[PDB]
Amino acid sequence: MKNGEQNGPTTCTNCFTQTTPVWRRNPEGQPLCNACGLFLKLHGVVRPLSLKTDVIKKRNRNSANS
DNA sequence: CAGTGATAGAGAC
DNA sequence: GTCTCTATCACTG
Ligand SMILES: [Zn+2]
C-alpha cells in the first residue's frame with residue numbers, strides 16, 4: 001500500500017506543485033495541479049511558472065446546506 | 001464518492 | 001481605480 005508515497009509523487013509536471021485541492025489531467029495523460037490545468041487550458045500558452053508558490057491562499061466557502 | 005467546467009472574488013500597484 | 005490569477009461550487013454516473 002502507501003504507494004511509493006504516491007508512486008510517482010503526483011507532482012505537477014508543469015510546476016512541480018505537490019500540494020493541491022484537486023489534480024487535473026490533459027488529453028496526453030500527464031498529471032497537473034489545478035492551477036496549471038485551469039490556467040494552461042484556459043490560456044493555451046506557456047506561462048511564467050515563477051507565479052506558482054508553495055503556499056495556497058484559502059478562499060471562503062459557500063456554506064451550502066440549510 | 002470523485003472529477004470537470006464555469007464563474008466570481010480578492011489583492012497589489 | 002483597474003487588472004489578473006486562482007479557488008471554490010454545482011452537477012452527473
Ligand atoms: Zn501546476
# chains A, B, ... in the order shown; residues from 1 in each chain; ligands from 1

$ residues_near_ligand --ligand "ligand 1" --cutoff "9 Å" --atoms "only C-alpha atoms (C1' of nucleotides) and all ligand atoms" --output "list in words"
residues 11, 12, 13, 14, 15, 16, 17, 18, 20, 31, 32, 33, 34, 35, 36, 37, 40, 49 and 52 of chain A

$ residues_around --residues "segment 3-7 of chain B" --least-positions-apart "4" --cutoff "9 Å" --atoms "only C-alpha atoms (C1' of nucleotides)" --output "number ranges by chain"
A: 22-24

$ write_last_selection --atoms "N, CA and C atoms" --output "PDB file, in the first residue's frame"
ATOM      1  N   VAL A  22      -7.048  19.548  -5.736  1.00  0.00           N
ATOM      2  CA  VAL A  22      -7.501  18.505  -6.700  1.00  0.00           C
ATOM      3  C   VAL A  22      -6.518  18.402  -7.867  1.00  0.00           C
ATOM      4  N   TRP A  23      -6.394  17.224  -8.412  1.00  0.00           N
ATOM      5  CA  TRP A  23      -5.458  17.002  -9.555  1.00  0.00           C
ATOM      6  C   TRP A  23      -6.214  17.036 -10.887  1.00  0.00           C
ATOM      7  N   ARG A  24      -5.660  17.701 -11.869  1.00  0.00           N
ATOM      8  CA  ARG A  24      -6.307  17.767 -13.217  1.00  0.00           C
ATOM      9  C   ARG A  24      -5.536  16.855 -14.166  1.00  0.00           C
TER      10      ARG A  24
END

$ atom_distance --atom1 "atom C1' of residue 2 of chain C" --atom2 "atom CA of residue 57 of chain A"
21.8 Å

$ closest_residue --among "A:46, A:64, A:55, A:38" --to "residue 5 of chain C" --atoms "only C-alpha atoms (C1' of nucleotides)"
A:38

$ residues_around --residues "residue 9 of chain B" --least-positions-apart "4" --cutoff "12 Å" --atoms "only C-alpha atoms (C1' of nucleotides)" --output "number ranges by chain"
A: 59-61; C: 4-8

$ write_last_selection --atoms "C-alpha atoms (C1' of nucleotides)" --output "CSV table (one decimal), in the first residue's frame"
chain,number,residue,atom,x,y,z
A,59,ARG,CA,-10.7,31.3,0.0
A,60,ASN,CA,-14.1,31.3,1.8
A,61,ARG,CA,-16.7,28.6,1.0
C,4,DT,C1',-5.4,39.4,-13.3
C,5,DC,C1',-4.9,34.7,-11.4
C,6,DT,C1',-6.6,31.3,-8.6
C,7,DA,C1',-10.1,28.5,-5.8
C,8,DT,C1',-14.3,27.0,-5.0

$ atom_distance --atom1 "atom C1' of residue 8 of chain B" --atom2 "atom CA of residue 41 of chain A"
18.3 Å
